[PDB]
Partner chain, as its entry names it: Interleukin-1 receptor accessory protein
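So this first bit is one chain, no partners, the form deposited without its partner chain, shown in structure tokens.
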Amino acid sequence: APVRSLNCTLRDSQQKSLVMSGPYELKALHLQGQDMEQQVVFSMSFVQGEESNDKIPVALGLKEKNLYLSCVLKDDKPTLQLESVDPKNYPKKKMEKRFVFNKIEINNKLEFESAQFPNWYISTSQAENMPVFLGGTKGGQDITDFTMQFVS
């Protein structure tokens, strides 16, 4: 049938919210009160891919925008980008692999691993107002843990 999707927000484990940084990047910062309206709302689609109890393949589109997070090589490195798509054709259940993330639940937090690039994760910096990026580890000083908030 039609792919199933949920509206949501994400925050990193330092409770940094995600906002637009120009047209094709996200950044993470501490937001509270009226300024929280700047945060991006996702449509999380539940897509085709290898799946287990705590590891669920998803796509992350911007709500009612033909823009998806994707993982591609840029200057020979795995990178995170926002990518435009044909709005007639998306979302779909069989999303291309660059758009797929494995949503992993570990100790009440979520990680989003690239399905294309094993052990590369959606990441934020500890510093304020820096890009959301794809990082090659769930170790280190960058943040790879998130929580989701459900949106009407």
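Numbering follows the first chain given and starts at 1. Take the two forms, superpose them, and find the largest set of C-alpha atoms that agree within 1.5 Å; that set is the rigid core.
Form solved in complex with its partner chain: not shown, discussed below.
- In a rigid core superposition between the shown form and the other one, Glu51 is the single residue of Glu96, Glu51, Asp35, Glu83 whose Cα is displaced by 2 Å or more.
- Relative to the superposed core, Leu62 shifts its CA atom by less than 2 Å between the shown form and the other one.
- Annotation: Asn108/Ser43 CA-CA distance shorter in the deposited bound form than in the displayed model, change of at least 3 Å.
- The Cα-Cα distance between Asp54 and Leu10 is lengthened by 3 Å or more in the deposited bound form relative to the form shown here.
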